[PDB]
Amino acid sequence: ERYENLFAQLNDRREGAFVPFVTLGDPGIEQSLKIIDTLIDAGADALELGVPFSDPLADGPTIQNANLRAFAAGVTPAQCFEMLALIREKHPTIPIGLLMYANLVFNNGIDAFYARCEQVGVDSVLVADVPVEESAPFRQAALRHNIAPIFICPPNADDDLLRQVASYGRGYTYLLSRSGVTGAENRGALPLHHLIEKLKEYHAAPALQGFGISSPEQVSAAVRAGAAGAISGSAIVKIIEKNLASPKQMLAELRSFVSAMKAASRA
């Protein structure tokens, strides 16, 4: 219900959402926590948070490297859940979404995974390598534990897929900007207006555009096109990567960037 409340508030203020992604525990647990506090203070409307995985097949080099940094700091899924408890304790209302790979959810039990999510106060889970066709046990477990299962609407989505995503998903619909893997340098396209309008027709959860969104201009364009907001990952992670040696400058640059991206969502 944290998403429902957020989108209602943004609608009332005629604003779009800006949603940063980072990898949990990159470049360490303590610095990660401070990074996330900075994203929120700078105006993030929600968070997408990655649990480090050995083989992230939807991610390009920037986020691959974030995963590696987290592993070098010895980050495990259990520590991620510890971090999530701390974030939720400080920030009661912000929607928190996890970006998961299937094996980490399926490992020792789908139901148990979503139960841990509910216990810690996560709001949604996007399992990147589970298409709607394989989704049944994941989405069922999610709903039983009051977690929103997030589904992807790709650019070339047919009508059958639009109907399934609208029916099965909750929280938000992930509107994929382009084919390929995550990455800031590969920009992608404007929200296909036809997809945005079809999802609305079918009463889908509000659409957030993601992949290759790296500039305020692209955030504005997403909202103007009728999306409820935008997600940016690689652009944020690049600021981490660039500033590993100066954690103070890291936070200042993250604050400035997130501030600007959020401003663009008010356009």
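Rigid core (definition): largest C-alpha set, two forms, superposition within 1.5 Å. All residue numbers refer to positions in the sequence shown, first residue = 1.
> Which of the two stretches, 23-31 or 227-235, moves more in 8 other deposited structures of this protein when the core is held fixed, judged by C-alpha RMS distance?
Relative to the shown form, the greater RMS C-alpha distance in 8 other deposited structures of this protein belongs to 227-235.
> Given a rigid core fit, name the stretch, 92-100 or 151-159, whose C-alphas are on average farther from the form shown here in 8 other deposited structures of this protein.
The stretch that sits farther from the shown form in 8 other deposited structures of this protein is 151-159.
> Could you tell me whether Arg187 lacks coordinates in at least a third of the other compared entries whose models cover its neighbours on both sides?
Affirmative; at least a third of those entries omit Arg187.
> Between 38-46 and 196-204, which has the larger average Cα B-factor in the PDB entry?
Mean B over CA atoms: larger for 196-204.
> Please compare 160-168 with 128-136 and say which has the higher mean C-alpha temperature factor in the record.
In the deposited entry, the stretch with the higher C-alpha B-factor mean is 160-168.
> Check the PDB entry and point out which of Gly74, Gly109, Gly180, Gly97 has the largest C-alpha temperature factor.
That would be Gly74, according to the entry.
> Would you mind checking where the Cα B-factor of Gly226 ranks among the modelled residues of its chain, as the lowest, middle or highest third?
As the PDB entry reports it, the C-alpha B-factor of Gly226 lands in the highest third of its chain.
> Quick check for you: using the entry's CA B-factors within this chain, is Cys117 in the lowest, middle or highest third?
Lowest third, going by the recorded CA B-factors of the chain.
> Looking at the temperature factor on the CA atom of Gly60, which third of the chain's modelled residues does it land in?
According to the entry, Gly60 has a C-alpha B-factor in the chain's lowest third.
> Grab the CA temperature factor for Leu190 from the record and place it in the lowest, middle or highest third of its chain.
For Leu190, whose C-alpha B-factor we compare with every modelled residue in the chain, the answer is the highest third.
> Please place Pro52 in the lowest, middle or highest third of its chain by C-alpha B factor as given in the entry.
For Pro52, whose C-alpha B-factor we compare with every modelled residue in the chain, the answer is the lowest third.
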